[PDB]
Amino acid sequence: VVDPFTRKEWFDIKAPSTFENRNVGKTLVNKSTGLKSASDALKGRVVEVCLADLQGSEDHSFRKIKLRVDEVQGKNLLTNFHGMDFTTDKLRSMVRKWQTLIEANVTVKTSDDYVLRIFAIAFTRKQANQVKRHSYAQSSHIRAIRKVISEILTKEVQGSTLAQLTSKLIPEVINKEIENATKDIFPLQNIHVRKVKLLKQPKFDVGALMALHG
Amino acid sequence: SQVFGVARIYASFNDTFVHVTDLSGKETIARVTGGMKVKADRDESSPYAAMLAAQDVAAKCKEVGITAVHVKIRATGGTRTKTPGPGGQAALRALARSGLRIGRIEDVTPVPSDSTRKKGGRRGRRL
Amino acid sequence: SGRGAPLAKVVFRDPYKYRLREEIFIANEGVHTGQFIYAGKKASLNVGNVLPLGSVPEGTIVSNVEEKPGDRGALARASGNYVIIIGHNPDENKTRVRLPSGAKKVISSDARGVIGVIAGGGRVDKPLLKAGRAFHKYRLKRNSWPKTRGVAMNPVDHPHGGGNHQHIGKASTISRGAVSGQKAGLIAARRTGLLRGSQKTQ
Amino acid sequence: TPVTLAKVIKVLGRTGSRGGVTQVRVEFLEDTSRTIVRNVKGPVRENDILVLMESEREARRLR
Amino acid sequence: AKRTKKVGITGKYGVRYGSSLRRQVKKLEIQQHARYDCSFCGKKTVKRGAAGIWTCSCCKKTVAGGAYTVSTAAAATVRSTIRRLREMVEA
Amino acid sequence: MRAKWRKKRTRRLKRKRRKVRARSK
Amino acid sequence: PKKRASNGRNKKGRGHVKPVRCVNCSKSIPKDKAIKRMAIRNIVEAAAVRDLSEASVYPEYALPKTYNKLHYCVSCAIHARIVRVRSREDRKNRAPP
RNA sequence: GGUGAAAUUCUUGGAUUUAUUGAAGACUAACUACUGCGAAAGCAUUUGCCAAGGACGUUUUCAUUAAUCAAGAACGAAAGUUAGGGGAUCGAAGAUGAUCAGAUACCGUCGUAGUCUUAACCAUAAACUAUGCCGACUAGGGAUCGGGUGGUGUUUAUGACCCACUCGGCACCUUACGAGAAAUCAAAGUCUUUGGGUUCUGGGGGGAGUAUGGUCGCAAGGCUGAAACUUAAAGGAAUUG
Ligand SMILES: [Zn+2]
Ligand SMILES: [Zn+2]
């Protein structure tokens with residue numbers, strides 16, 4: 001009746017400055033008409049993207065990131081890291097029979113006025129010179145590794161605002177820390193965190209927002 | 001310089017439909033189902049009709065001028081079949097055949113934990 | 001007397017002149033004597049203190065809520081009810097409240113309301129067991145008891161009933177134009193049988 | 001006008017109610033090296049030229 | 001020496017009113033007249049001048065509570081809900 | 001038949017037979 | 001007559017385990033009785049990798065794989081999978097193929 | 001939408017899907033097995049508290065205190081009852097659309113009680129290993145859970161893996177000298193070459209768990225229970241069609 005494809009404006013995004021190439025997405029809003037236009041229309045389109053296009057490599061084909069926009073300016077914006085989550089492929093590719101599963105979850109308040117709920121995940125591989133089929137734990141081992149993983153993870157929180165925590169998570173040094181801390185228990189398997197989520201955006205803070213570009 | 005969209009395919013039983021959208025997913029663009037292209041009420045899930053509708057969807061998308069797409073397949077999901085439909089492959093086939101770049105494939109059929117007792121009763125749906 | 005809900009005498013310090021102003025709040029559940037109480041927008045959240053529902057999160061539970069800002073309390077005072085808030089639209093600062101067994105209402109965000117369920121729950125379940133307690137109860141309220149029927153009563157007291165037999169001969173299911181004058185018996189009753197008639201059935 | 005041409009190379013098997021549907025793993029001549037499985041009605045010899053109205057369609061089993 | 005078998009406290013009414021009625025009245029009246037324990041007085045000396053209130057003898061610190069119990073299940077659960085909500089909005 | 005519905009029939013007949021005894025005695 | 005050695009399924013020293021539904025027939029069965037298999041084939045039809053590579057950047061990208069788990073009920077399993085029965089003694093074998 | 005096919009229902013008052021979320025409850029999916037615990041019924045999220053458990057180690061301790069069991073009691077799946085919380089899902093009745101000679105049945109869409117929790121009841125099941133408890137002996141073999149002991153063994157001085165043995169347990173393959181009517185049995189064996197202690201239960205099939213009493217339960221019903229009365233077989237295993 002009106003053919004609505006010619007009633008929107010082609011936009012672009014800008015990731016934070018603590019990553020590689022940022023011009024990674026482009027979307028639509030509305031024409032610059034009246035009655036509350038694109039300048040104040042969306043103001044909150046959450047967007048998904050994997051880490052391959054954000055790091056330049058491809059080994060990060062999992063652990064996709066969800067980003068949130070808040071402020072718009074000069075036909076541009078700047079987004080804050082909202083969270084991340086694994087690809088569904090790797091989960092059911094990793095999980096297999098005749099082994100164990102270990103998990104944990106903690107909700108913490110960082111140094112600054114943010115909160116975050118973090119998850120964990122791990123398995124138990126059989127080492128060399130082994131003939132068993134299962135390689136299971138003893139139920140006290142799981143209780144010990146659970147609390148030590150919880151506390152050694154919380155030690156990274158209470159300090160390191162989420163800005164620097166993003167660059168601490170990108171190289172995955174915390175997994176090597178977990179390995180070094182818990183090698184006394186098992187021969188370990190691929191340790192991951194698999195989920196961060198937030199539920200208390202404390203305030204705007206346009207200063208720290210605009211501090212991530214240039 | 002490639003502009004990205006998101007397919008977000010829903011491939012359930014007895015029909016199938018798609019709609020391209022922005023990377024955020026706030027503005028769906030060009031939604032087409034089997035009913036848009038065939039009226040018989042049985043072959044709504046036919047992969048032939050699925051491809052016939054995907055061709056028109058790709059044409060309407062190229063009219064706006066979109067290049068790359070992220071395909072995200074989803075079956076009926078939940079406490080149901082947990083299996084994509086028959087047209088789930090012919091959709092991708094026709095979409096890639098109709099001049100459009102594909103990248104970053106993934107499934108998003110949401111696996112649930114055990115809850116919400118499925119229908120059919122204890123004895124289940126019997127013929 | 002009369003109202004089955006208890007009440008409590010509260011005291012504040014007037015800000016404009018040296019005086020201790022007393023007031024009568026309805027006694028919600030969980031409060032005790034000698035207790036400190038808060039009021040206003042900057043108050044915390046502990047059962048008993050009153051806040052404006054505009055400045056409290058989604059999913060609280062309040063009683064004695066106001067309908068317009070300044071009515072000084074005008075909704076849900078009886079013994080055995082409360083109300084939950086669902087919506088929060090800051091622009092045109094209204095808010096959706098779910099009166100969960102009969103309505104969904106919109107109220108100005110600055111309206112008054114106290115957190116905490118009203119006291120006296122489960123009161124009605126106790127059977128009266130005899131006419132004397134009903135008599136004493138309605139004594140401290142109204143002269144609308146003992147009730148007496150009209151249709152079964154004489155024809156002069158009810159034209160559509162009375163006489164040798166107990167006849168009716170009228171109709172109950174009235175159209176959208178529920179006129180008056182026939183206001184004896186039923187009025188605008190359409191459906192029958194007790195079932196879950198609402199949105200979001202099961 | 002996708003009046004495509006294809007040379008039946010290898011008769012695969014036979015299906016159908018009467019056993020009257022001959023399968024083939026054919027590849028079309030113009031820009032070859034792209035294979036698809038078709039189901040012809042009548043008997044087809046080797047290196048048998050053939051025409052097609054459809055561009056892509058796969059139907060393995062047929063009773 | 002069992003003064004009765006099945007009727008207990010509500011046997012004063014005699015034969016009138018029925019069975020289920022006075023049984024329900026028993027199951028409510030035992031709770032109505034039970035002697036609970038005030039949290040901030042230590043002892044158990046709560047009595048009633050009228051429904052809705054529970055007055056502790058020693059300490060004299062009364063409480064505006066339920067109809068026939070110091071705390072209904074609705075009160076007990078909404079207290080926990082408000083606790084969760086306060087902790088969420090604060091911390 | 002099945003013992004399920006056999007027992008059902010007999011148990012209903014039990015109540016039916018005992019019904020008239022109340023009206024009698 | 002006691003047909004099979006194990007009465008119904010792998011259950012000794014538990015009495016009761018847990019119920020679970022079928023996907024095809026939706027019958028309710030104990031978790032230990034019926035069928036527990038996996039489907040880890042591919043997210044693709046007849047090849048089409050030529051088309052994918054020619055019409056997609058990032059050549060092949062991931063080598064994608066499908067993932068599912070199946071609990072076929074007792075009747076639906078034998079209906080779909082056409083094997084069902086075995087000899088009076090061959091039932092004792094436990095070969096996957 | 002939904003089914004084998006269609007129909008019922010919704011649908012320009014924007015339909016299911018699609019992004020921000022926000023609410024009510026049910027549960028702990030994949031890990032999840034010839035694994036574990038419990039007297040059974042049963043028991044799968046993490047964390048704290050509460051007291052209890054079998055196995056293992058013992059050059060500790062008391063010295064027959066023991067096995068089973070009438071009468072007596074505890075515990076007891078689901079459904080159901082009494083009065084409160086919520087009713088998201090599913091869902092006997094019920095309402096409807098299909099199919100059918102008929103279909104209040106299978107199938108499709110809704111849908112009350114129920115489907116959880118609190119305080120009392122009910123004591124039933126193919127409550128299955130259809131194999132009662134305690135104690136000795138008789139064949140072989142490999143895995144596996146827990147505890148324990150050795151190795152001039154492997155990985156960071158402790159944890160983890162391997163090799164030999166041992167105590168207890170869910171179990172498993174072979175062989176059966178033996179038993180059984182056979183299916184099969186490591187006990188269903190150590191039986192006319194008839195006897196280690198001990199409780200309960202049955203004497204052809206139906207009448208029949210029937211009314212009769214008694215007893216427990218507001219109630220669904222629960223426990224004990226021969227007859228009068230008709231009959232020739234019913235019944236278990238396995239062989240050939
Ligand atoms: Zn006191
Ligand atoms: Zn199924």
# chains A, B, ... in the order shown; residues from 1 in each chain; ligands from 1
>>> residues_near_ligand(ligand="ligand 1", cutoff="12 Å", atoms="only C-alpha atoms (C1' of nucleotides) and all ligand atoms", output="list in words")
residues 32 and 33 of chain C; 35, 36, 37, 38, 39, 40, 41, 42, 43, 44, 45, 46, 47, 54, 55, 56, 57, 58, 59, 60, 61, 62 and 63 of chain E
>>> write_last_selection(atoms="C-alpha atoms", output="mmCIF file, in the first residue's frame")
data_model
loop_
_atom_site.group_PDB
_atom_site.id
_atom_site.type_symbol
_atom_site.label_atom_id
_atom_site.label_comp_id
_atom_site.auth_asym_id
_atom_site.auth_seq_id
_atom_site.Cartn_x
_atom_site.Cartn_y
_atom_site.Cartn_z
ATOM 1 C CA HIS C 32 4.205 -4.556 66.418
ATOM 2 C CA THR C 33 3.817 -1.818 69.000
ATOM 3 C CA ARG E 35 -0.669 -20.075 73.149
ATOM 4 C CA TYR E 36 2.145 -19.172 70.751
ATOM 5 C CA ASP E 37 5.494 -17.514 71.580
ATOM 6 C CA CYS E 38 6.326 -13.855 70.986
ATOM 7 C CA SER E 39 9.595 -13.507 69.091
ATOM 8 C CA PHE E 40 10.942 -10.463 70.962
ATOM 9 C CA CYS E 41 9.753 -11.479 74.452
ATOM 10 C CA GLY E 42 11.114 -15.039 74.752
ATOM 11 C CA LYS E 43 8.251 -16.544 76.751
ATOM 12 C CA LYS E 44 4.873 -17.831 75.488
ATOM 13 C CA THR E 45 2.119 -15.680 77.013
ATOM 14 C CA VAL E 46 0.159 -14.431 73.995
ATOM 15 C CA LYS E 47 -3.574 -13.878 74.554
ATOM 16 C CA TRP E 54 -2.071 -10.878 69.892
ATOM 17 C CA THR E 55 -1.005 -9.377 73.230
ATOM 18 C CA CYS E 56 1.963 -10.786 75.133
ATOM 19 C CA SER E 57 1.415 -10.614 78.891
ATOM 20 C CA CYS E 58 4.989 -10.192 80.082
ATOM 21 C CA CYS E 59 6.714 -7.375 78.113
ATOM 22 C CA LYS E 60 3.275 -5.949 77.084
ATOM 23 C CA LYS E 61 4.491 -5.742 73.451
ATOM 24 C CA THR E 62 1.433 -6.586 71.356
ATOM 25 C CA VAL E 63 1.387 -7.519 67.660
#
>>> residues_around(residues="range 60-66 of chain A", least_positions_apart="4", cutoff="8 Å", atoms="only C-alpha atoms (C1' of nucleotides)", output="PyMOL selection string")
chain A and resi 46-52+55+81-87+90+194
>>> residues_near_ligand(ligand="ligand 2", cutoff="10 Å", atoms="only C-alpha atoms (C1' of nucleotides) and all ligand atoms", output="list in words")
residues 80, 81, 118, 120, 124 and 125 of chain B; 20, 21, 22, 23, 24, 25, 26, 27, 28, 70, 71, 72, 73, 76 and 77 of chain G
>>> interface_residues(of="chain A", to="chain H", cutoff="6 Å", atoms="only C-alpha atoms (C1' of nucleotides)", output="VMD selection string")
chain A and resid 100 to 101 184 to 186
>>> write_last_selection(atoms="C-alpha atoms", output="PDB file, in the first residue's frame")
ATOM      1  CA  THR A 100      31.339 -36.639  34.366  1.00  0.00           C
ATOM      2  CA  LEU A 101      30.153 -33.035  34.438  1.00  0.00           C
ATOM      3  CA  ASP A 184      46.213 -31.969  41.970  1.00  0.00           C
ATOM      4  CA  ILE A 185      42.733 -33.551  41.632  1.00  0.00           C
ATOM      5  CA  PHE A 186      42.274 -34.788  38.046  1.00  0.00           C
TER       6      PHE A 186
END
>>> residues_around(residues="residue 89 in chain G", least_positions_apart="3", cutoff="12 Å", atoms="only C-alpha atoms (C1' of nucleotides)", output="PyMOL selection string")
chain G and resi 3-5+85-86+92-94
>>> write_last_selection(atoms="N, CA, C and O atoms", output="mmCIF file, in the first residue's frame")
data_model
loop_
_atom_site.group_PDB
_atom_site.id
_atom_site.type_symbol
_atom_site.label_atom_id
_atom_site.label_comp_id
_atom_site.auth_asym_id
_atom_site.auth_seq_id
_atom_site.Cartn_x
_atom_site.Cartn_y
_atom_site.Cartn_z
ATOM 1 N N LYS G 3 10.309 -64.941 29.421
ATOM 2 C CA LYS G 3 10.880 -64.898 28.080
ATOM 3 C C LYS G 3 12.364 -64.557 28.111
ATOM 4 O O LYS G 3 13.192 -65.323 27.606
ATOM 5 N N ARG G 4 12.715 -63.420 28.704
ATOM 6 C CA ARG G 4 14.075 -62.903 28.692
ATOM 7 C C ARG G 4 14.705 -63.059 30.069
ATOM 8 O O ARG G 4 14.009 -63.094 31.088
ATOM 9 N N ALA G 5 16.035 -63.168 30.084
ATOM 10 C CA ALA G 5 16.786 -63.320 31.325
ATOM 11 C C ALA G 5 16.512 -62.145 32.249
ATOM 12 O O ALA G 5 15.831 -62.300 33.268
ATOM 13 N N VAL G 85 12.482 -58.402 15.687
ATOM 14 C CA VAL G 85 12.523 -59.728 16.293
ATOM 15 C C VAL G 85 13.899 -60.327 16.062
ATOM 16 O O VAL G 85 14.675 -59.843 15.237
ATOM 17 N N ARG G 86 14.198 -61.393 16.796
ATOM 18 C CA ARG G 86 15.417 -62.160 16.607
ATOM 19 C C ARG G 86 15.107 -63.609 16.953
ATOM 20 O O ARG G 86 14.002 -63.939 17.390
ATOM 21 N N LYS G 92 20.228 -63.013 22.766
ATOM 22 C CA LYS G 92 21.267 -62.843 23.772
ATOM 23 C C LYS G 92 22.409 -61.952 23.298
ATOM 24 O O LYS G 92 23.150 -61.428 24.137
ATOM 25 N N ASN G 93 22.571 -61.755 21.993
ATOM 26 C CA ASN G 93 23.684 -60.945 21.526
ATOM 27 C C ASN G 93 23.424 -59.467 21.797
ATOM 28 O O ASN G 93 22.281 -59.022 21.925
ATOM 29 N N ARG G 94 24.515 -58.704 21.884
ATOM 30 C CA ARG G 94 24.476 -57.278 22.200
ATOM 31 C C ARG G 94 25.393 -56.501 21.265
ATOM 32 O O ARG G 94 26.085 -55.566 21.681
#
>>> residues_around(residues="residue 7 in chain D", least_positions_apart="2", cutoff="9 Å", atoms="only C-alpha atoms (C1' of nucleotides)", output="JSON, numbers by chain")
{"D": [5, 9, 26, 27, 28, 29, 46, 47, 48, 49, 50, 51]}
>>> closest_atom_pairs(of="chain A", to="chain B", cutoff="12 Å", atoms="only C-alpha atoms", output="Markdown table")
| residue | atom | partner | partner_atom | distance |
| --- | --- | --- | --- | --- |
| A:3 | CA | B:30 | CA | 11.4 |
| A:4 | CA | B:29 | CA | 9.7 |
| A:5 | CA | B:64 | CA | 7.2 |
| A:6 | CA | B:64 | CA | 8.8 |
| A:7 | CA | B:64 | CA | 11.6 |
| A:8 | CA | B:27 | CA | 10.0 |
| A:9 | CA | B:64 | CA | 11.9 |
| A:10 | CA | B:22 | CA | 10.2 |
| A:11 | CA | B:22 | CA | 10.4 |
| A:12 | CA | B:3 | CA | 10.3 |
| A:13 | CA | B:23 | CA | 10.4 |
| A:23 | CA | B:1 | CA | 10.5 |
| A:24 | CA | B:4 | CA | 9.0 |
| A:25 | CA | B:23 | CA | 6.9 |
| A:26 | CA | B:3 | CA | 7.0 |
| A:27 | CA | B:22 | CA | 5.3 |
| A:28 | CA | B:22 | CA | 6.9 |
| A:29 | CA | B:27 | CA | 8.0 |
| A:30 | CA | B:27 | CA | 10.2 |
| A:41 | CA | B:26 | CA | 11.7 |
| A:42 | CA | B:26 | CA | 9.0 |
| A:43 | CA | B:26 | CA | 11.7 |
| A:44 | CA | B:24 | CA | 9.6 |
| A:45 | CA | B:24 | CA | 5.8 |
| A:46 | CA | B:24 | CA | 5.7 |
| A:47 | CA | B:24 | CA | 4.3 |
| A:48 | CA | B:24 | CA | 6.8 |
| A:49 | CA | B:23 | CA | 8.3 |
| A:50 | CA | B:104 | CA | 8.4 |
| A:51 | CA | B:104 | CA | 11.0 |
| A:52 | CA | B:104 | CA | 9.5 |
| A:53 | CA | B:104 | CA | 10.1 |
| A:58 | CA | B:104 | CA | 11.0 |
| A:61 | CA | B:104 | CA | 8.6 |
| A:62 | CA | B:106 | CA | 10.1 |
| A:64 | CA | B:104 | CA | 11.0 |
| A:66 | CA | B:24 | CA | 9.7 |
| A:67 | CA | B:24 | CA | 9.4 |
| A:68 | CA | B:24 | CA | 9.5 |
| A:69 | CA | B:24 | CA | 10.3 |
| A:86 | CA | B:106 | CA | 11.1 |
| A:87 | CA | B:106 | CA | 7.5 |
| A:88 | CA | B:107 | CA | 6.8 |
| A:89 | CA | B:106 | CA | 7.2 |
| A:90 | CA | B:106 | CA | 10.4 |
| A:91 | CA | B:111 | CA | 11.4 |
| A:92 | CA | B:111 | CA | 10.9 |
>>> write_last_selection(atoms="N, CA and C atoms", output="short mmCIF file (atom, residue, chain, number, x, y, z; two decimals), in the first residue's frame")
data_model
loop_
_atom_site.label_atom_id
_atom_site.label_comp_id
_atom_site.auth_asym_id
_atom_site.auth_seq_id
_atom_site.Cartn_x
_atom_site.Cartn_y
_atom_site.Cartn_z
N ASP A 3 4.55 0.56 0.57
CA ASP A 3 5.84 0.02 0.18
C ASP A 3 6.88 0.47 1.21
N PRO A 4 6.91 -0.13 2.41
CA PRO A 4 7.63 0.50 3.53
C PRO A 4 9.15 0.40 3.47
N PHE A 5 9.74 -0.23 2.45
CA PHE A 5 11.20 -0.37 2.48
C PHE A 5 11.90 0.97 2.36
N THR A 6 11.24 1.97 1.78
CA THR A 6 11.81 3.31 1.60
C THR A 6 11.36 4.26 2.71
N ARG A 7 11.29 3.75 3.94
CA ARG A 7 10.91 4.55 5.10
C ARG A 7 11.80 4.24 6.30
N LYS A 8 13.06 3.91 6.05
CA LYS A 8 14.04 3.68 7.11
C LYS A 8 15.38 4.22 6.65
N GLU A 9 16.28 4.40 7.62
CA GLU A 9 17.61 4.94 7.38
C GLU A 9 18.65 3.88 7.74
N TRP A 10 19.64 3.71 6.86
CA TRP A 10 20.69 2.72 7.05
C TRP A 10 21.72 3.27 8.04
N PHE A 11 21.92 2.56 9.15
CA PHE A 11 22.75 3.00 10.27
C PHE A 11 23.98 2.11 10.40
N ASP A 12 24.84 2.45 11.35
CA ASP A 12 26.02 1.65 11.67
C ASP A 12 26.26 1.71 13.18
N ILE A 13 27.05 0.74 13.66
CA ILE A 13 27.38 0.63 15.08
C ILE A 13 28.86 0.87 15.29
N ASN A 23 33.70 -1.38 13.07
CA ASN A 23 32.62 -1.19 12.10
C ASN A 23 32.16 -2.56 11.62
N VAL A 24 31.32 -3.20 12.43
CA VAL A 24 30.96 -4.60 12.24
C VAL A 24 29.47 -4.81 12.00
N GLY A 25 28.62 -3.80 12.15
CA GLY A 25 27.19 -3.99 11.99
C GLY A 25 26.53 -2.74 11.44
N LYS A 26 25.38 -2.97 10.82
CA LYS A 26 24.58 -1.90 10.23
C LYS A 26 23.12 -2.33 10.27
N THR A 27 22.24 -1.39 10.63
CA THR A 27 20.85 -1.70 10.93
C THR A 27 19.96 -0.62 10.32
N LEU A 28 18.67 -0.66 10.69
CA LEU A 28 17.67 0.28 10.21
C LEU A 28 16.87 0.80 11.39
N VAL A 29 16.34 2.02 11.25
CA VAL A 29 15.50 2.63 12.28
C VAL A 29 14.24 3.20 11.65
N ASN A 30 14.34 4.40 11.08
CA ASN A 30 13.20 5.13 10.56
C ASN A 30 13.73 6.39 9.87
N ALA A 41 14.24 6.97 18.92
CA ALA A 41 13.34 5.84 18.70
C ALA A 41 13.86 4.57 19.38
N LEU A 42 14.90 3.96 18.81
CA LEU A 42 15.36 2.67 19.31
C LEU A 42 16.03 2.81 20.68
N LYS A 43 17.21 3.43 20.73
CA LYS A 43 17.95 3.65 21.98
C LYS A 43 18.23 2.39 22.79
N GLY A 44 18.06 1.20 22.20
CA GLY A 44 18.24 -0.02 22.96
C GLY A 44 18.07 -1.29 22.16
N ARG A 45 18.71 -1.38 21.00
CA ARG A 45 18.69 -2.60 20.19
C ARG A 45 19.89 -3.45 20.54
N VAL A 46 19.65 -4.55 21.24
CA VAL A 46 20.72 -5.49 21.57
C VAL A 46 21.04 -6.31 20.33
N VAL A 47 22.33 -6.56 20.10
CA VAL A 47 22.82 -7.20 18.89
C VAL A 47 23.77 -8.33 19.26
N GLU A 48 23.71 -9.41 18.49
CA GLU A 48 24.56 -10.58 18.67
C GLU A 48 25.65 -10.59 17.61
N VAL A 49 26.83 -11.09 17.97
CA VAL A 49 27.90 -11.29 17.00
C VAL A 49 28.94 -12.21 17.61
N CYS A 50 29.52 -13.07 16.78
CA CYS A 50 30.56 -13.96 17.27
C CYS A 50 31.86 -13.19 17.45
N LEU A 51 32.87 -13.87 18.00
CA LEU A 51 34.17 -13.26 18.23
C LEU A 51 35.11 -13.40 17.05
N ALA A 52 34.76 -14.18 16.03
CA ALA A 52 35.63 -14.30 14.86
C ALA A 52 35.81 -12.95 14.18
N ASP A 53 34.70 -12.30 13.83
CA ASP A 53 34.77 -10.99 13.18
C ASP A 53 35.30 -9.91 14.11
N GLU A 58 39.75 -17.18 13.77
CA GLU A 58 38.60 -18.06 13.60
C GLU A 58 38.48 -19.11 14.69
N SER A 61 35.35 -19.33 17.10
CA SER A 61 34.08 -19.47 16.39
C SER A 61 32.91 -19.68 17.34
N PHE A 62 33.17 -19.89 18.63
CA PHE A 62 32.14 -20.04 19.65
C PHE A 62 32.20 -18.80 20.56
N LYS A 64 29.85 -16.47 21.48
CA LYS A 64 29.33 -15.26 20.89
C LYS A 64 29.06 -14.22 21.97
N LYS A 66 26.88 -10.60 23.10
CA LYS A 66 25.71 -9.74 22.97
C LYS A 66 26.07 -8.36 23.48
N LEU A 67 25.79 -7.35 22.66
CA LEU A 67 26.17 -5.96 22.88
C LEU A 67 24.92 -5.10 22.92
N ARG A 68 24.98 -4.02 23.70
CA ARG A 68 23.86 -3.12 23.91
C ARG A 68 24.28 -1.70 23.55
N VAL A 69 23.39 -0.97 22.88
CA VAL A 69 23.58 0.43 22.54
C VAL A 69 22.81 1.27 23.54
N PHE A 86 28.00 -19.46 24.80
CA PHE A 86 28.57 -20.40 23.85
C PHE A 86 27.64 -20.63 22.67
N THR A 87 28.22 -21.11 21.58
CA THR A 87 27.45 -21.67 20.48
C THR A 87 26.89 -23.02 20.90
N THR A 88 25.65 -23.30 20.48
CA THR A 88 25.02 -24.56 20.85
C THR A 88 25.75 -25.76 20.25
N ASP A 89 26.46 -25.56 19.14
CA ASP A 89 27.17 -26.65 18.49
C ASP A 89 28.22 -27.25 19.43
N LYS A 90 29.07 -26.40 20.01
CA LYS A 90 30.20 -26.90 20.79
C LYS A 90 29.74 -27.65 22.03
N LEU A 91 28.59 -27.29 22.59
CA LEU A 91 28.12 -27.95 23.81
C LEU A 91 27.88 -29.44 23.56
N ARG A 92 27.01 -29.76 22.60
CA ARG A 92 26.71 -31.14 22.28
C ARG A 92 27.80 -31.80 21.45
#
>>> closest_residue(among="H:111, H:94, H:102, H:29", to="chain C", atoms="only C-alpha atoms (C1' of nucleotides)")
H:111
>>> atom_distance(atom1="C1' of residue 149 in chain H", atom2="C1' of residue 163 in chain H")
13.7 Å
>>> interface_residues(of="chain H", to="chain B", cutoff="8 Å", atoms="only C-alpha atoms (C1' of nucleotides)", output="ChimeraX atom specification")
/H:5,17-19,26-29,89-91,106-107
>>> residues_around(residues="range 53-55 of chain D", least_positions_apart="3", cutoff="12 Å", atoms="only C-alpha atoms (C1' of nucleotides)", output="ChimeraX atom specification")
/B:48,51-52,93-94,97-98 /D:1-6,27-28,34-38,50,58
>>> closest_atom_pairs(of="chain E", to="chain H", cutoff="8 Å", atoms="only C-alpha atoms (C1' of nucleotides)", output="Markdown table")
| residue | atom | partner | partner_atom | distance |
| --- | --- | --- | --- | --- |
| E:24 | CA | H:83 | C1' | 7.3 |
| E:73 | CA | H:85 | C1' | 7.3 |
| E:74 | CA | H:85 | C1' | 7.2 |
>>> select_by_dssp(residues="range 3-64 of chain E", states="alpha helix (DSSP H)", output="list in words")
residues 20, 21, 22, 23, 24, 25, 26, 27, 28, 29, 30, 31, 32 and 33 of chain E
>>> write_last_selection(atoms="N, CA, C and O atoms", output="short mmCIF file (atom, residue, chain, number, x, y, z; two decimals), in the first residue's frame")
data_model
loop_
_atom_site.label_atom_id
_atom_site.label_comp_id
_atom_site.auth_asym_id
_atom_site.auth_seq_id
_atom_site.Cartn_x
_atom_site.Cartn_y
_atom_site.Cartn_z
N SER E 20 -19.80 -31.75 60.46
CA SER E 20 -18.72 -31.08 59.75
C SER E 20 -18.57 -29.64 60.20
O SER E 20 -17.44 -29.13 60.28
N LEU E 21 -19.68 -28.98 60.52
CA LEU E 21 -19.62 -27.59 60.96
C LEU E 21 -18.82 -27.46 62.25
O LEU E 21 -17.83 -26.72 62.31
N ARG E 22 -19.22 -28.17 63.30
CA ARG E 22 -18.50 -28.06 64.56
C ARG E 22 -17.11 -28.66 64.48
O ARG E 22 -16.23 -28.25 65.24
N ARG E 23 -16.86 -29.58 63.55
CA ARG E 23 -15.50 -30.07 63.36
C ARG E 23 -14.60 -28.97 62.79
O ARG E 23 -13.47 -28.78 63.24
N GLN E 24 -15.09 -28.27 61.76
CA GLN E 24 -14.36 -27.13 61.23
C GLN E 24 -14.14 -26.08 62.32
O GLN E 24 -13.06 -25.48 62.42
N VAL E 25 -15.16 -25.86 63.15
CA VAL E 25 -15.03 -24.90 64.24
C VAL E 25 -13.97 -25.37 65.23
O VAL E 25 -13.24 -24.55 65.79
N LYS E 26 -13.86 -26.68 65.47
CA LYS E 26 -12.80 -27.19 66.33
C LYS E 26 -11.43 -26.89 65.73
O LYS E 26 -10.54 -26.35 66.39
N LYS E 27 -11.25 -27.27 64.46
CA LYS E 27 -9.96 -27.11 63.81
C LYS E 27 -9.55 -25.65 63.71
O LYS E 27 -8.35 -25.37 63.62
N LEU E 28 -10.50 -24.72 63.73
CA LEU E 28 -10.16 -23.30 63.76
C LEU E 28 -10.00 -22.77 65.18
O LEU E 28 -9.13 -21.93 65.42
N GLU E 29 -10.79 -23.26 66.13
CA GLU E 29 -10.78 -22.71 67.48
C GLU E 29 -9.56 -23.13 68.27
O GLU E 29 -9.09 -22.37 69.13
N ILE E 30 -9.04 -24.33 68.02
CA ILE E 30 -7.79 -24.72 68.68
C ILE E 30 -6.68 -23.75 68.30
O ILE E 30 -5.93 -23.27 69.16
N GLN E 31 -6.58 -23.42 67.01
CA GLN E 31 -5.61 -22.41 66.59
C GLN E 31 -5.95 -21.05 67.18
O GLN E 31 -5.04 -20.28 67.54
N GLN E 32 -7.24 -20.73 67.27
CA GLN E 32 -7.64 -19.42 67.78
C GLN E 32 -7.21 -19.23 69.23
O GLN E 32 -6.79 -18.13 69.61
N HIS E 33 -7.29 -20.28 70.04
CA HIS E 33 -7.00 -20.20 71.46
C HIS E 33 -5.62 -20.72 71.83
O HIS E 33 -5.27 -20.71 73.01
#
